[PDB]
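Undergrad: Here it is, the structure, as structure tokens.
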Amino acid sequence: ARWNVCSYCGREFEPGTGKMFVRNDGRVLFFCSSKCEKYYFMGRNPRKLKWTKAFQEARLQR
Amino acid sequence: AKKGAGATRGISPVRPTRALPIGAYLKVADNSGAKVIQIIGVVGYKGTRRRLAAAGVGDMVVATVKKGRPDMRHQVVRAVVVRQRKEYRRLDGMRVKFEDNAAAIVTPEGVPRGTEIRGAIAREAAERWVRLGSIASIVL
Amino acid sequence: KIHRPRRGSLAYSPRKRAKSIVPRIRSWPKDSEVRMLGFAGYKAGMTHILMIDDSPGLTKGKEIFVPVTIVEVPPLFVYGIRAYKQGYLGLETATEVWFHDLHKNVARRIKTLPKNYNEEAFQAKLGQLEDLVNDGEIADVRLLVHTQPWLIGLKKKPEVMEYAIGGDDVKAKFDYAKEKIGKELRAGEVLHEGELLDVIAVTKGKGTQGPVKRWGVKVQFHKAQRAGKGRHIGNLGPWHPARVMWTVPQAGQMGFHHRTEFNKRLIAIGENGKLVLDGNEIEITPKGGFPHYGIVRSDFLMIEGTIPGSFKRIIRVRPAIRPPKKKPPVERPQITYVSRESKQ
RNA sequence: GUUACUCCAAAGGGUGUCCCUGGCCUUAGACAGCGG
RNA sequence: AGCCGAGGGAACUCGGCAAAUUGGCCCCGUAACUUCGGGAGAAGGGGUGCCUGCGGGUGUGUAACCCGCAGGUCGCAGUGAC
RNA sequence: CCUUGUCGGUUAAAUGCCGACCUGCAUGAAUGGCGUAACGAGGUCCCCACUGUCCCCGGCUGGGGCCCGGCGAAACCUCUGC
RNA sequence: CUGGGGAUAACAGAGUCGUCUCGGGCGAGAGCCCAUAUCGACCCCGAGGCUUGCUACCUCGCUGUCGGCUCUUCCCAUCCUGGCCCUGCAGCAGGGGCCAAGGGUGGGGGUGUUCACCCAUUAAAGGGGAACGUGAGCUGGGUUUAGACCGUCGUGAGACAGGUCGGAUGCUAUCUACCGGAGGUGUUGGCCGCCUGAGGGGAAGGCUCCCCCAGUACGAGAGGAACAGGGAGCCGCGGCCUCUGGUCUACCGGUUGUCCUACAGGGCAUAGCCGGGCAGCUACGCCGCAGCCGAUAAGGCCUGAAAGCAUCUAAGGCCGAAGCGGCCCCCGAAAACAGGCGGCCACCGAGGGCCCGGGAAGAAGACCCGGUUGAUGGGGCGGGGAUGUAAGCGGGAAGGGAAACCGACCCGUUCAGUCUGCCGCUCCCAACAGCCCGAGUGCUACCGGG
Ligand SMILES: [Zn+2]
């Protein structure tokens, strides 16, 4: 019973949900929902969206 | 036991979803002369009226060689699936998926051809065929 | 020629709306433990857990994913004892005894309740029943039960039912019954944790449907789709016999059928809406409640998997009548996680 | 089988049972068992 | 009569019927064969919004219509619909 | 005609299509013969791309169908109708 | 073209069965020798009506058709799946025969094809009937019109059971039949509730692979089994939406073109187009689907005579199948012996319907919960969720201009604003006022009390 962490919006999501994406080079990604995954593969920037944590990580770099 | 010290098979607990039907083109991930293959059948499958056979990860398929080196084309081979783009559930409930559809060419009795799988492969394939994990430098 | 199996089952025919909304139990199992052979409740919702597998087969000893249905079960009130004798063909009722002080809301179902009927007469009638049961003309004893929805706030009009008792004898059954009449039954006094159950209920309504969805008929070719006959079947039959047979797929009522389901494991019985894991006390109701059902207050059951019916519907469980030979143990499995997150 | 005819099966076979006929045997015959 | 459909991609059918793909403009680059006129928009590829500005052609023109370039920035998408 | 002629190529698999052969049942030179660029809502075989054609179907929209008020026919019809 | 024909063909039916499919008797001979493991000639005797013919009994405007798709059902002369017997059966297998019709018998290539041929798999990829099942069910490739081309035949008009291109697909269901839904009468008084279950339906389950048994028995070696036990999947069936995907013309955002003067907020362009999406529906997701008791078939045995011995049978016993019956699921008091129990009314009034507020149910009807002994709908207050940080104000911004000032976009105020076909509390508004159906009569022939 591990709580995993989304690679798009950075939050902890519960056992029995989500997705793992594997690249052919062995690197792995975790997704909490369909939205985060679609935005990732579409190319959106989570660092401009105030509902992620990349936003605060950038608020620092300002 | 009878003969278990050196074998080719095993048991997986997952049974992934069947997502690649007849007529599908898979990439070849192993270092054999083959580059692309087309599925013409699925081993150990019985169906009904108007249904096509379909395979997933860990399944062996009868295939044709479309592109590849001259001594391999228009030949019928057998191949194990190692990756698929459609998801499939693991026991803890999390779901898994890959980037493309790949296969390794093998012998009708499990022994593989080739000597190195370029890329990652799924764990269920390696649990079911014990000689693949001995080739690939990434198992997930 | 080409062969395939037929489309649909002829074992659930006629496929017609159920005679009643309260289900019906036709047969009862062979139990030796003298106890009531069932309970009833109202369905609340679904969720999921993670548990260590106790059941035989590989995957045993691992952490897996198990979906779960929560069934809300307030206590029952026992108000009746009913005797049966043997007639020319089968059983037939012989005598009934009711309790005197019954709730004001039972007359919402049984309008015509008795008028004088004090404890004097109640005890006299009980005595008559006992002097009859000690004779020999008696074949089995059953209990009469009603639900109490006023406790959870769901409704007032109750449900009334008749349940059986375990054992080969009738005087042990009568002792049990005479001890239980006039009082309340809770689910922990009857059901064990880990039992296999058969669930019995009435399914959801879908309405009038066509044969494609109701029997599995194959949609027709795209030329027929452009002709006006895609979701139709082709043939009502041959020339001889010169009538339509009852085996030919047609349209009609889909849903609201009386169904049964075998071998659903009871995992947990809780008290007052909380589940006391080994470690700490916890709630089951999720954040924001259950959709289309509010909060859980009284008592509840965890059932492995799915069951027939919509949420607020009345369910009836019994101990398994058709169990396998390799049973899982009777004890609450090790639960590692229960989901309280929003289900809407 | 319970079919006048309209509308209904054979060649080949049977220590199934009931009967006719003609040879050979018989006061020790035709099987058994005990031995030559 | 219409809109969307995961994973596969004609395995459907007499037959890829029906639907879908492409799609405007500028620049680059374009075969066989040929009645030397064509083929040819062959094929194949890149670009394309808003804002702040700089220049050119005709013209008396801080009138009017046209032609080239740099920088900044927003979005999954700039012939954004038609 | 015998005929799915035979050899080769194209497919995992070819009563097909294309290229060669010639015992042309019953080709043939203005009832024209052999070719042929460009053209064809002409017949025909392959490749790439594209797709709900198919595996295998699901969901949504508008108009009908269904209920209510109003106006108001016809084709058919020996009698009947397990 | 007309007038007519089943007095007369092609097409399906009836009749018949030479032909056809499926069989049998006898024993020549072949099988190292050995008539019967297997094959069985020459000759003789048959079943069926699934090929084809013969005839011309029905039908000449009923319908004229081949193949394919869809859908249901039957036979056994059994391809696999269960059980057995003989072998020229060591094992693995093969060959030949008996019972058995519960289940299964698929996907593709060229061809209009049926069949036939080929590929890769499979436990195996059986053959037939139902008006050559099935056009008031579709299609329309072939075939039999009207157009045109080639080859042959013909002086010619023209023909070819020779090839090729192209070539119309109508219906408002009168009666019955079937699927589902309602309203009556009856059940010898009316109404509540709860039960029995006569009968009917069922495949609700069928099959395969792996480990072990065991590199064991068997076998010179090569090779190579079985009973018991553990597990997994495919086809089929019945359900659910916690998880994952799809849709979501509720909702949130971004943007093009034009119009409302510009901002702001809006209309139209398929919801204008794009992106995300809760409830709900759905599968590409997930849960569930006993082998046991009884009686039998082929077969294997006991006792046992006819026929002092023998003999599975004549009389009598014991065993023995995926097949029959029951246990299990679905429907079911109109089951005409038209049921049983408890209670309430009748001999004014028990109960019910309309009506009101809603859905967990729905084509109309029916069904379920509530109706001030009240949280049924709305509102207000809060919880949870979906999008994704509102307008206005303040500051910055590539660069321009004498300067005032322009200026796409960025930061802050701001997990914001908008929305909620989801939950909870709270009588602030409305579930009021009412109106109708309704059993109620008796006699002889009686049963048991009076
Ligand atoms: Zn996320």
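Each chain in the structure tokens gets a letter, A, B and so on, in the order shown; residues start at 1 in every chain, and ligands are counted from 1 in the order they appear.
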Please produce, as JSON lines, a per-residue contact table for chain A versus ligand 1 (criterion: any atom at most 10 Å away, only C-alpha atoms and all ligand atoms considered), showing the nearest atom pair and its distance in Å to one decimal, sorted by chain then residue number.

TA:
```
{"residue": "A:5", "atom": "CA", "partner": "ligand 1", "partner_atom_place_in_ligand_line": "1 (Zn)", "distance": 8.1}
{"residue": "A:6", "atom": "CA", "partner": "ligand 1", "partner_atom_place_in_ligand_line": "1 (Zn)", "distance": 4.8}
{"residue": "A:7", "atom": "CA", "partner": "ligand 1", "partner_atom_place_in_ligand_line": "1 (Zn)", "distance": 6.7}
{"residue": "A:8", "atom": "CA", "partner": "ligand 1", "partner_atom_place_in_ligand_line": "1 (Zn)", "distance": 5.0}
{"residue": "A:9", "atom": "CA", "partner": "ligand 1", "partner_atom_place_in_ligand_line": "1 (Zn)", "distance": 4.1}
{"residue": "A:10", "atom": "CA", "partner": "ligand 1", "partner_atom_place_in_ligand_line": "1 (Zn)", "distance": 6.2}
{"residue": "A:11", "atom": "CA", "partner": "ligand 1", "partner_atom_place_in_ligand_line": "1 (Zn)", "distance": 6.3}
{"residue": "A:12", "atom": "CA", "partner": "ligand 1", "partner_atom_place_in_ligand_line": "1 (Zn)", "distance": 8.6}
{"residue": "A:13", "atom": "CA", "partner": "ligand 1", "partner_atom_place_in_ligand_line": "1 (Zn)", "distance": 8.5}
{"residue": "A:18", "atom": "CA", "partner": "ligand 1", "partner_atom_place_in_ligand_line": "1 (Zn)", "distance": 9.2}
{"residue": "A:30", "atom": "CA", "partner": "ligand 1", "partner_atom_place_in_ligand_line": "1 (Zn)", "distance": 8.5}
{"residue": "A:31", "atom": "CA", "partner": "ligand 1", "partner_atom_place_in_ligand_line": "1 (Zn)", "distance": 5.8}
{"residue": "A:32", "atom": "CA", "partner": "ligand 1", "partner_atom_place_in_ligand_line": "1 (Zn)", "distance": 4.9}
{"residue": "A:33", "atom": "CA", "partner": "ligand 1", "partner_atom_place_in_ligand_line": "1 (Zn)", "distance": 6.0}
{"residue": "A:34", "atom": "CA", "partner": "ligand 1", "partner_atom_place_in_ligand_line": "1 (Zn)", "distance": 8.4}
{"residue": "A:35", "atom": "CA", "partner": "ligand 1", "partner_atom_place_in_ligand_line": "1 (Zn)", "distance": 7.3}
{"residue": "A:36", "atom": "CA", "partner": "ligand 1", "partner_atom_place_in_ligand_line": "1 (Zn)", "distance": 4.7}
{"residue": "A:37", "atom": "CA", "partner": "ligand 1", "partner_atom_place_in_ligand_line": "1 (Zn)", "distance": 7.6}
{"residue": "A:39", "atom": "CA", "partner": "ligand 1", "partner_atom_place_in_ligand_line": "1 (Zn)", "distance": 9.6}
{"residue": "A:40", "atom": "CA", "partner": "ligand 1", "partner_atom_place_in_ligand_line": "1 (Zn)", "distance": 9.6}
{"residue": "A:46", "atom": "CA", "partner": "ligand 1", "partner_atom_place_in_ligand_line": "1 (Zn)", "distance": 9.6}
{"residue": "A:51", "atom": "CA", "partner": "ligand 1", "partner_atom_place_in_ligand_line": "1 (Zn)", "distance": 9.6}
{"residue": "A:52", "atom": "CA", "partner": "ligand 1", "partner_atom_place_in_ligand_line": "1 (Zn)", "distance": 7.9}
```

Undergrad: Would you save the residues of that selection, restricted to C-alpha atoms, as a short mmCIF file (atom, residue, chain, number, x, y, z; two decimals), in the first residue's frame?

TA:
```cif
data_model
loop_
_atom_site.label_atom_id
_atom_site.label_comp_id
_atom_site.auth_asym_id
_atom_site.auth_seq_id
_atom_site.Cartn_x
_atom_site.Cartn_y
_atom_site.Cartn_z
CA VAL A 5 3.33 10.58 -6.90
CA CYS A 6 2.12 12.10 -10.19
CA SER A 7 4.94 13.19 -12.55
CA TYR A 8 2.75 16.02 -13.98
CA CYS A 9 1.04 17.77 -11.00
CA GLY A 10 3.21 16.26 -8.24
CA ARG A 11 0.47 15.02 -5.85
CA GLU A 12 0.11 11.70 -3.96
CA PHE A 13 -2.54 9.33 -5.28
CA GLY A 18 -3.54 5.69 -11.92
CA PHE A 30 3.35 7.87 -12.94
CA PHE A 31 0.01 9.51 -13.68
CA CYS A 32 -2.92 10.09 -11.34
CA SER A 33 -5.57 10.79 -13.96
CA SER A 34 -6.35 10.93 -17.65
CA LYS A 35 -5.98 14.72 -17.64
CA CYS A 36 -2.38 14.86 -16.44
CA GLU A 37 -1.38 12.15 -18.94
CA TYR A 39 -1.58 17.21 -21.07
CA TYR A 40 1.86 15.62 -20.78
CA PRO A 46 2.80 22.40 -15.71
CA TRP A 51 -2.82 23.90 -9.43
CA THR A 52 0.50 22.05 -9.75
#
```

Undergrad: Please, which residues of chain A lie no more than 10 Å from chain C when the count uses only C-alpha atoms, and can they be set out as JSON, numbers by chain?

TA: {"A": [1, 2, 14, 15, 16]}

Undergrad: Figure out the distance between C1' of residue 408 (chain G) and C1' of residue 264 (chain G), please, to one decimal in Å.

TA: 19.3 Å

Undergrad: Output as CSV one row per residue of chain F within 12 Å of chain B: the closest atom pair and its distance in Å to one decimal place, counting only C-alpha atoms (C1' of nucleotides), sorted by chain and residue number ascending.

TA:
```
residue,atom,partner,partner_atom,distance
F:11,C1',B:74,CA,9.1
F:12,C1',B:76,CA,6.8
F:13,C1',B:40,CA,11.2
F:54,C1',B:50,CA,9.3
F:55,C1',B:52,CA,5.7
F:56,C1',B:51,CA,9.2
```

Undergrad: Give me a file of those residues, with N, CA and C atoms (P, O5', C5', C4', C3', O3' and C1' of nucleotides), as a PDB file, in the first residue's frame.

TA:
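Below you can see selection_20.pdb, which holds the result:
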```
ATOM      1  P     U F  11       5.380 -10.803 -53.047  1.00  0.00           P
ATOM      2  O5'   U F  11       4.041 -11.512 -52.587  1.00  0.00           O
ATOM      3  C5'   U F  11       3.236 -10.911 -51.594  1.00  0.00           C
ATOM      4  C4'   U F  11       2.059 -11.750 -51.197  1.00  0.00           C
ATOM      5  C3'   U F  11       2.345 -12.961 -50.330  1.00  0.00           C
ATOM      6  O3'   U F  11       2.569 -12.637 -48.970  1.00  0.00           O
ATOM      7  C1'   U F  11       0.826 -13.544 -52.039  1.00  0.00           C
ATOM      8  P     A F  12       3.854 -13.215 -48.205  1.00  0.00           P
ATOM      9  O5'   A F  12       3.346 -14.580 -47.585  1.00  0.00           O
ATOM     10  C5'   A F  12       4.271 -15.574 -47.199  1.00  0.00           C
ATOM     11  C4'   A F  12       3.597 -16.888 -46.905  1.00  0.00           C
ATOM     12  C3'   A F  12       2.632 -17.389 -47.965  1.00  0.00           C
ATOM     13  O3'   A F  12       3.280 -18.224 -48.909  1.00  0.00           O
ATOM     14  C1'   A F  12       1.612 -17.453 -45.813  1.00  0.00           C
ATOM     15  P     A F  13       3.131 -17.973 -50.482  1.00  0.00           P
ATOM     16  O5'   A F  13       1.692 -18.540 -50.820  1.00  0.00           O
ATOM     17  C5'   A F  13       1.482 -19.938 -50.847  1.00  0.00           C
ATOM     18  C4'   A F  13       0.069 -20.322 -50.511  1.00  0.00           C
ATOM     19  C3'   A F  13      -1.014 -19.871 -51.471  1.00  0.00           C
ATOM     20  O3'   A F  13      -1.125 -20.686 -52.630  1.00  0.00           O
ATOM     21  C1'   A F  13      -1.690 -19.466 -49.239  1.00  0.00           C
ATOM     22  P     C F  54     -19.464  -2.919 -40.757  1.00  0.00           P
ATOM     23  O5'   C F  54     -18.202  -3.832 -40.446  1.00  0.00           O
ATOM     24  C5'   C F  54     -18.131  -5.159 -40.927  1.00  0.00           C
ATOM     25  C4'   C F  54     -16.841  -5.850 -40.578  1.00  0.00           C
ATOM     26  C3'   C F  54     -16.601  -6.220 -39.133  1.00  0.00           C
ATOM     27  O3'   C F  54     -17.325  -7.350 -38.702  1.00  0.00           O
ATOM     28  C1'   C F  54     -14.630  -5.333 -40.050  1.00  0.00           C
ATOM     29  P     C F  55     -17.757  -7.456 -37.171  1.00  0.00           P
ATOM     30  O5'   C F  55     -16.387  -7.691 -36.398  1.00  0.00           O
ATOM     31  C5'   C F  55     -15.778  -8.970 -36.381  1.00  0.00           C
ATOM     32  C4'   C F  55     -14.541  -9.038 -35.520  1.00  0.00           C
ATOM     33  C3'   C F  55     -14.734  -8.929 -34.022  1.00  0.00           C
ATOM     34  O3'   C F  55     -15.130 -10.150 -33.441  1.00  0.00           O
ATOM     35  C1'   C F  55     -12.854  -7.642 -34.726  1.00  0.00           C
ATOM     36  P     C F  56     -16.171 -10.191 -32.227  1.00  0.00           P
ATOM     37  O5'   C F  56     -17.145  -8.967 -32.489  1.00  0.00           O
ATOM     38  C5'   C F  56     -18.253  -8.732 -31.631  1.00  0.00           C
ATOM     39  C4'   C F  56     -18.763  -7.318 -31.710  1.00  0.00           C
ATOM     40  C3'   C F  56     -18.854  -6.757 -33.113  1.00  0.00           C
ATOM     41  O3'   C F  56     -20.049  -5.990 -33.250  1.00  0.00           O
ATOM     42  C1'   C F  56     -17.454  -5.384 -31.795  1.00  0.00           C
TER      43        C F  56
END
```

Undergrad: Excluding residue 308 (chain G) and its own-chain neighbours fewer than 5 positions away, which residues fall within 12 Å of it when counting only C-alpha atoms (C1' of nucleotides)? Please give them as a list in words.

TA: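 Near neighbours after the sequence-gap exclusion: residues 30, 31, 32 and 33 of chain D.
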
Undergrad: Would you save the residues of that selection, restricted to C-alpha atoms (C1' of nucleotides), as a PDB file, in the first residue's frame?

TA:
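The resulting file, part_4.pdb, is reproduced below:
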```pdb
ATOM      1  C1'   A D  30     -26.063 -91.012 -23.742  1.00  0.00           C
ATOM      2  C1'   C D  31     -22.979 -87.288 -19.766  1.00  0.00           C
ATOM      3  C1'   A D  32     -19.324 -87.739 -14.562  1.00  0.00           C
ATOM      4  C1'   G D  33     -16.136 -89.630 -12.085  1.00  0.00           C
TER       5        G D  33
END
```

Undergrad: When you look at residue 134 (chain G) with a cut-off of 7 Å (counting only C-alpha atoms (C1' of nucleotides)), what residues show up, excluding the ones that are within fewer than 2 positions of it in the same chain? I need them as a PDB file with N, CA and C atoms, in the first residue's frame.

TA:
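Below you can see out_34.pdb, which holds the result:
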```pdb
ATOM      1  N   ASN C 235     -34.864 -13.295 -39.845  1.00  0.00           N
ATOM      2  CA  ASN C 235     -35.883 -14.311 -40.042  1.00  0.00           C
ATOM      3  C   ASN C 235     -36.660 -14.552 -38.764  1.00  0.00           C
ATOM      4  N   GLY C 237     -38.493 -17.224 -38.930  1.00  0.00           N
ATOM      5  CA  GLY C 237     -38.499 -18.655 -39.009  1.00  0.00           C
ATOM      6  C   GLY C 237     -38.653 -19.158 -40.420  1.00  0.00           C
ATOM      7  N   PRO C 238     -38.785 -20.460 -40.552  1.00  0.00           N
ATOM      8  CA  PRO C 238     -39.025 -21.056 -41.862  1.00  0.00           C
ATOM      9  C   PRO C 238     -40.487 -21.171 -42.255  1.00  0.00           C
TER      10      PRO C 238
END
```

Undergrad: Could you pull the residues within 12 Å of residue 33 (chain E), counting only C-alpha atoms (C1' of nucleotides), minus those fewer than 4 positions along the same chain, as JSON, numbers by chain?

TA: {"E": [38, 39], "F": [36, 37, 38]}

Undergrad: Residues as selected, N, CA, C and O atoms (P, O5', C5', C4', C3', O3' and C1' of nucleotides), written as a PDB file, in the first residue's frame, can you do that?

TA:
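out_13.pdb, freshly written:
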```pdb
ATOM      1  P     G E  38       4.213  23.507 -73.481  1.00  0.00           P
ATOM      2  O5'   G E  38       2.946  22.555 -73.381  1.00  0.00           O
ATOM      3  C5'   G E  38       2.691  21.783 -72.221  1.00  0.00           C
ATOM      4  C4'   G E  38       2.193  20.414 -72.574  1.00  0.00           C
ATOM      5  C3'   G E  38       1.912  19.490 -71.409  1.00  0.00           C
ATOM      6  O3'   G E  38       0.641  19.689 -70.820  1.00  0.00           O
ATOM      7  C1'   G E  38       3.237  18.369 -72.985  1.00  0.00           C
ATOM      8  P     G E  39       0.464  19.631 -69.228  1.00  0.00           P
ATOM      9  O5'   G E  39       1.033  18.210 -68.819  1.00  0.00           O
ATOM     10  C5'   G E  39       0.303  17.031 -69.100  1.00  0.00           C
ATOM     11  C4'   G E  39       1.096  15.792 -68.806  1.00  0.00           C
ATOM     12  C3'   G E  39       1.457  15.566 -67.355  1.00  0.00           C
ATOM     13  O3'   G E  39       0.419  14.976 -66.605  1.00  0.00           O
ATOM     14  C1'   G E  39       3.365  15.241 -68.706  1.00  0.00           C
TER      15        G E  39
ATOM     16  P     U F  36       2.182   0.598 -77.314  1.00  0.00           P
ATOM     17  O5'   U F  36       1.899   2.156 -77.384  1.00  0.00           O
ATOM     18  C5'   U F  36       2.975   3.059 -77.535  1.00  0.00           C
ATOM     19  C4'   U F  36       2.566   4.357 -78.185  1.00  0.00           C
ATOM     20  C3'   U F  36       1.612   5.253 -77.418  1.00  0.00           C
ATOM     21  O3'   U F  36       2.237   6.008 -76.396  1.00  0.00           O
ATOM     22  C1'   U F  36       0.948   5.123 -79.676  1.00  0.00           C
ATOM     23  P     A F  37       1.558   6.132 -74.950  1.00  0.00           P
ATOM     24  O5'   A F  37       1.716   7.663 -74.578  1.00  0.00           O
ATOM     25  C5'   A F  37       2.990   8.199 -74.301  1.00  0.00           C
ATOM     26  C4'   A F  37       3.083   9.650 -74.633  1.00  0.00           C
ATOM     27  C3'   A F  37       2.099  10.551 -73.925  1.00  0.00           C
ATOM     28  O3'   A F  37       2.518  10.935 -72.629  1.00  0.00           O
ATOM     29  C1'   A F  37       2.085  11.027 -76.236  1.00  0.00           C
ATOM     30  P     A F  38       1.478  10.928 -71.409  1.00  0.00           P
ATOM     31  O5'   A F  38       0.312  11.890 -71.871  1.00  0.00           O
ATOM     32  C5'   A F  38       0.496  13.289 -71.831  1.00  0.00           C
ATOM     33  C4'   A F  38      -0.646  14.038 -72.452  1.00  0.00           C
ATOM     34  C3'   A F  38      -2.026  13.805 -71.859  1.00  0.00           C
ATOM     35  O3'   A F  38      -2.311  14.538 -70.688  1.00  0.00           O
ATOM     36  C1'   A F  38      -2.138  13.614 -74.189  1.00  0.00           C
TER      37        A F  38
END
```

Undergrad: Which neighbours of residue 321 (chain C) fall inside 8 Å, counting only C-alpha atoms (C1' of nucleotides), when residues of the same chain fewer than 6 positions from it are skipped, and could you give them as a count of residues only?

TA: 5

Undergrad: Select, as a list in words, those residues of chain G with any atom no more than 6 Å from chain C (distances computed using only C-alpha atoms (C1' of nucleotides)).

TA: residues 70, 71, 72, 133, 134, 137, 138, 177, 178, 179, 180, 192, 193, 196, 202, 240, 242, 287, 330, 340, 341, 344, 384, 422 and 423 of chain G

Undergrad: Pull the alpha helix (DSSP H) assignments for chain B out of DSSP run on the backbone, and list those residues as a PyMOL selection string.

TA: chain B and resi 123-128

Undergrad: Mind checking which residues fall within 9 Å of residue 47 (chain B), counting only C-alpha atoms (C1' of nucleotides), ignoring those fewer than 6 positions away in the same chain, and posting them as a ChimeraX atom specification?

TA: /B:53 /G:106-107,234-235

Undergrad: Considering only C-alpha atoms (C1' of nucleotides), extract the chain E residues located within 12 Å of chain A and return them as number ranges by chain.

TA: E: 75-77

Undergrad: Any idea which chain G residues end up within 10 Å of chain B if we count only C-alpha atoms (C1' of nucleotides), as a ChimeraX atom specification please?

TA: /G:106-108,119-122,208-216,231-235,243-245,284-285

Undergrad: Can you write out as JSON lines which residues of chain F fall within 12 Å of chain C, alongside each residue's closest atom pair and its distance in Å to one decimal, counting only C-alpha atoms (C1' of nucleotides) and ordering rows by chain and ascending residue number?

TA:
```
{"residue": "F:52", "atom": "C1'", "partner": "C:222", "partner_atom": "CA", "distance": 10.9}
{"residue": "F:53", "atom": "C1'", "partner": "C:222", "partner_atom": "CA", "distance": 7.8}
{"residue": "F:54", "atom": "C1'", "partner": "C:221", "partner_atom": "CA", "distance": 10.0}
{"residue": "F:56", "atom": "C1'", "partner": "C:218", "partner_atom": "CA", "distance": 9.3}
{"residue": "F:57", "atom": "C1'", "partner": "C:219", "partner_atom": "CA", "distance": 8.7}
{"residue": "F:58", "atom": "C1'", "partner": "C:213", "partner_atom": "CA", "distance": 10.8}
{"residue": "F:82", "atom": "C1'", "partner": "C:243", "partner_atom": "CA", "distance": 11.0}
```

Undergrad: Kindly provide, as a PDB file with C-alpha atoms (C1' of nucleotides), in the first residue's frame, the residues of chain E having any atom no farther than 7 Å from an atom of chain B, counting only C-alpha atoms (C1' of nucleotides).

TA:
```
ATOM      1  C1'   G E   7      -6.040  -0.860 -29.467  1.00  0.00           C
ATOM      2  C1'   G E   8      -5.553  -2.798 -34.464  1.00  0.00           C
ATOM      3  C1'   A E  11      -8.888  -9.240 -41.703  1.00  0.00           C
TER       4        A E  11
END
```

Undergrad: Please identify all residues of chain B having at least one atom at most 9 Å from any atom of chain A, considering only C-alpha atoms, and return them as an MDAnalysis selection string.

TA: chainID B and resid 87 92:100 118:121 138:140

Undergrad: Since we have the selection now, will you write its residues out, keeping N, CA and C atoms, as a CSV table (one decimal), in the first residue's frame?

TA:
```csv
chain,number,residue,atom,x,y,z
B,87,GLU,N,-3.3,-0.8,-22.3
B,87,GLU,CA,-3.0,-0.9,-20.8
B,87,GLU,C,-3.4,-2.3,-20.4
B,92,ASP,N,-1.8,-5.2,-7.8
B,92,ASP,CA,-2.1,-4.1,-6.8
B,92,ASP,C,-3.1,-3.1,-7.4
B,93,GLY,N,-3.6,-3.2,-8.6
B,93,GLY,CA,-4.6,-2.4,-9.2
B,93,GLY,C,-4.0,-1.3,-10.1
B,94,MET,N,-2.8,-1.0,-10.0
B,94,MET,CA,-2.1,0.0,-11.0
B,94,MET,C,-2.1,-0.6,-12.4
B,95,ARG,N,-2.1,0.2,-13.4
B,95,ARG,CA,-2.2,-0.2,-14.7
B,95,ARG,C,-0.9,0.3,-15.4
B,96,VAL,N,-0.5,-0.5,-16.5
B,96,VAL,CA,0.8,-0.3,-17.2
B,96,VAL,C,0.6,-0.3,-18.7
B,97,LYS,N,1.4,0.5,-19.3
B,97,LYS,CA,1.4,0.6,-20.8
B,97,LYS,C,2.8,1.1,-21.3
B,98,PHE,N,3.0,0.7,-22.5
B,98,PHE,CA,4.3,1.0,-23.2
B,98,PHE,C,4.1,1.9,-24.4
B,99,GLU,N,5.2,2.1,-25.2
B,99,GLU,CA,5.3,3.1,-26.2
B,99,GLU,C,5.0,2.6,-27.6
B,100,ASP,N,5.3,1.3,-27.8
B,100,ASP,CA,5.0,0.7,-29.1
B,100,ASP,C,4.8,-0.8,-29.0
B,118,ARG,N,17.1,-5.1,-27.8
B,118,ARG,CA,17.3,-3.7,-27.7
B,118,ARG,C,16.0,-3.0,-27.2
B,119,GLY,N,16.1,-2.6,-25.9
B,119,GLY,CA,15.0,-2.0,-25.3
B,119,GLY,C,14.5,-2.7,-24.0
B,120,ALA,N,13.4,-2.2,-23.5
B,120,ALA,CA,12.8,-2.7,-22.3
B,120,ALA,C,11.8,-3.8,-22.7
B,121,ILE,N,11.3,-4.6,-21.8
B,121,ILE,CA,10.3,-5.6,-22.0
B,121,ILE,C,9.4,-5.7,-20.8
B,138,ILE,N,16.9,-4.5,-19.6
B,138,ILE,CA,15.8,-3.8,-18.8
B,138,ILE,C,14.6,-4.7,-18.8
B,139,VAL,N,14.3,-5.1,-17.6
B,139,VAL,CA,13.0,-5.8,-17.3
B,139,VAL,C,12.2,-5.0,-16.3
B,140,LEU,N,11.0,-4.7,-16.6
B,140,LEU,CA,10.1,-4.0,-15.7
B,140,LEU,C,9.0,-4.8,-15.1
```
